[PDB]
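Shown below, as structure tokens, is a lone chain in the form deposited in one PDB entry; questions about how it binds or moves come after it.
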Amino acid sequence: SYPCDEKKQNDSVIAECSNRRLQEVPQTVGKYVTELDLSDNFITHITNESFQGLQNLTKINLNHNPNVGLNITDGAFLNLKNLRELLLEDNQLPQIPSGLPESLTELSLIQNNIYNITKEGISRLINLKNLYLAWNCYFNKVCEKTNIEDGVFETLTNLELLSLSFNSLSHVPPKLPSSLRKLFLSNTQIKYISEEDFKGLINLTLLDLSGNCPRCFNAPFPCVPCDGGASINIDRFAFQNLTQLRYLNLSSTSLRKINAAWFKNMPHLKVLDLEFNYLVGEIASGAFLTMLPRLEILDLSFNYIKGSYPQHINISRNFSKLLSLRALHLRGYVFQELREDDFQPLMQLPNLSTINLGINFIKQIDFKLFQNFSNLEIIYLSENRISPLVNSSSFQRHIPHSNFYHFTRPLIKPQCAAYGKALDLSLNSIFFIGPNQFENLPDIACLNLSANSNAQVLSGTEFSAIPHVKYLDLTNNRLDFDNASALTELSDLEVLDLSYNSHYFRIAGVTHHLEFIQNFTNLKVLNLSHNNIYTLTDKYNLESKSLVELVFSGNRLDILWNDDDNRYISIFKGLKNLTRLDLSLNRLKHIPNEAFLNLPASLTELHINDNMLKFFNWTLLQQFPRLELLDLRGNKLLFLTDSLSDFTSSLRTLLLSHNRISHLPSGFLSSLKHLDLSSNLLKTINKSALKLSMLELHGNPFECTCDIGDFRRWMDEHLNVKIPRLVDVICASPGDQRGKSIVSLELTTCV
């Protein structure tokens, strides 16, 4: 299957064929295909010729064509009347391709030049459930405003989703179809919303009016405010008939007042986005809060008053009325202290599991207040000013197809929250953890203390008040490991991340003690990456009866092993239950044979990539019966073993990309399902016949003489072995040949 990778399932077959440098649509496309993917190519012409009696095709993706306009022939797709989804994004169009099929349910024309939405190109469409027209006249192109001729949509009676964001409309278009469920109009330069704007949209569940009269604060053009920094103006009766509304986005509309009356007839509102407005007032005395007993997510982030740095956050009593609230986002309100009384209104909300107070520059917090909550699972306090526990103004400056407006990535890694209540204190000033640092905290399972300039010597008492932490993140600090009892008070610890604490490890004379590792009975994952460890004090071996994974990259094994009295010859041996080991980025030029033999026999996965090894004693693989993955990418390897099977019976994956292998020997030979030989120095592959699902080869300098026949043969016979990127497997020589994919070859002249 070339050049498109025909993948199968589920209950339909698709031809993955994008980003292959195509100038055209291959005709040689397996019949009876559900849909085709042709995004990210150089195609420039779409025509009747283009799709011939495909018939079967339901979906077509032609986005990003070409990667520098796109020419399309009227009625080009009509030959396909089973076409339901058509994607034409980033194709630089200046009009809605005329003559479009009526079988379309979904049509995307995002990121194009279309400034006129018309009945000729649209109204026929009829079966459209989803229509996307975002990013066409987003000043400038140049483009004054988007023009929608009156009634273009009313004939689309099955229209469930209409997206017109990032287009200058000035006014909401009339004659909208009552079937609408989602209406996106973010950044449409609409300043006034009238009573009649959404008159008959009785089925709306989502309305996005964000970025209209934005609060540009600390941003330049294309961010453009309404004259005099005025907020969007919404009529009192603008939403009286939108009783099905679940999601309302009013982020960055420069609102100062929220009219409670807008919500009288909106009992189902689950999500309300009010980020990037000027609502500190409303937050203190907002009547609109009494109208939302069913709200689950309220985002009030970045509503700070420039230059204001109040002592306390002023949260209205009415917050107590948001009985269905599950998450409250209060980033960037900016205040100095959080007292138990300040959060009174929220202590009764039964479903509140997430409180986000990131970026508030809070100096003090009465932590006992968190114990008075029914369901907190996530306490996000990153980027605050908590100090070790023994003003009047401030200068805070803030600086797709995607959004919601809140960094949709989770607040805490999921591998961490999964264990329980999570507390994030990263990016604070806990440069030293005091004796009462964590007093009065609920039972925390997940804790992040990353990036706090902490240079202390942990001694075994710092976490006595929260001894049930399972996942502890101590990355990016300058901890001084000079006490064997460090962290032993966390008997339940399962994941410990000490990455990026190189500062004391680098200094000669300072002592380093990692003995605490063995004291944990349930420790599973330990990451000591990027610590430049090159010596240990007194106790030279890491040991754990439980540890399963050890990430030791970015340290200095070259020094620990490559020199010495064999002090660290058995450094990892005592990791009796280890299955994964990362030794990348350790500047290894040579591994002592006994050093390698002492790695735990229990290993199933070993990474040694990105070192500088030139030889590898394969024979050593004999002592690793359970070894399934072996990674050696990014080295300087020269030769391969001639008898691989006399050493391994379990190896399944072998990664050797970015090496200096120039000759693949006889064989091999095997449980080996994956082999990566991409980016090496293979001029050609000698016959080497024969159970493997994948073989990577792009990047080698192949010699395209008739010798490329044995191999060329090989592939033809085995379409059962995936060769990702055949397109990139290229001829290095000879010169007429060079640059040509080893399959494009006009072999015939070979006779």
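One-based numbering along the sequence shown. Superpose the two forms; the largest set of C-alphas matching within 1.5 Å is the rigid core.
In the comparison with other entries of the same protein, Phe395 is left without coordinates in at least one third of those covering both sides of it. Compared with other entries of the same protein, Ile60 falls outside the group left without coordinates by a third of them; all model it where both flanks are modelled.
According to the PDB entry, the deposited sequence contains 1 to 3 residues between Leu669 and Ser670 that lack coordinates.
Looking at 97-105 and 553-561 together, the entry lists the larger mean B-factor for 97-105, computed on C-alpha atoms. Mean CA B-factor, 27-35 versus 680-688: the higher value falls on 27-35. In the deposited coordinates, the residue among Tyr419, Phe432, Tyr405, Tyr504 with the greatest CA B-factor is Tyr405. The entry assigns its greatest Cα B factor, within the set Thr579, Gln336, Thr146, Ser584, to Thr146. Ranked by Cα temperature factor within the chain, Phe77 sits in the highest third according to the deposited record.
When the modelled residues of the chain are ordered by C-alpha B-factor, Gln623 sits in the highest third. In the PDB entry, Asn212 places in the lowest third of its chain by CA B-factor.
Remark: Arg331 belongs to the lowest third of its chain, ranked by C-alpha B-factor as recorded.
Residue-level temperature factors show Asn71 in the highest third of its chain, judged at the C-alpha atom.
Another form, the form deposited in another entry, is not on view; read the next lines as being about it.
With the two forms fitted on their core, the C-alpha shifts between this form and the one not shown stay under 2 Å for all of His468, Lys545, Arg626, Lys141 except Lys141. Here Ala219 counts as shifted, since its C-alpha moves by at least 2 Å between this form and the one not shown after the core is aligned. Once both forms are overlaid on the rigid core, the distance between the two CA positions of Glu594 between this form and the one not shown is under 2 angstroms. A displacement of less than 2 angstroms separates the C-alpha positions of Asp150 between this form and the one not shown, with the rigid core held in common. Panel note: the distance between the CA atoms of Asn140 and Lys119 is larger in that other deposited form than in this form, the difference being 3 Å or more. Relative to what is shown, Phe139 and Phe276 are closer in that other deposited form; their C-alpha atoms differ in spacing by at least 3 Å.
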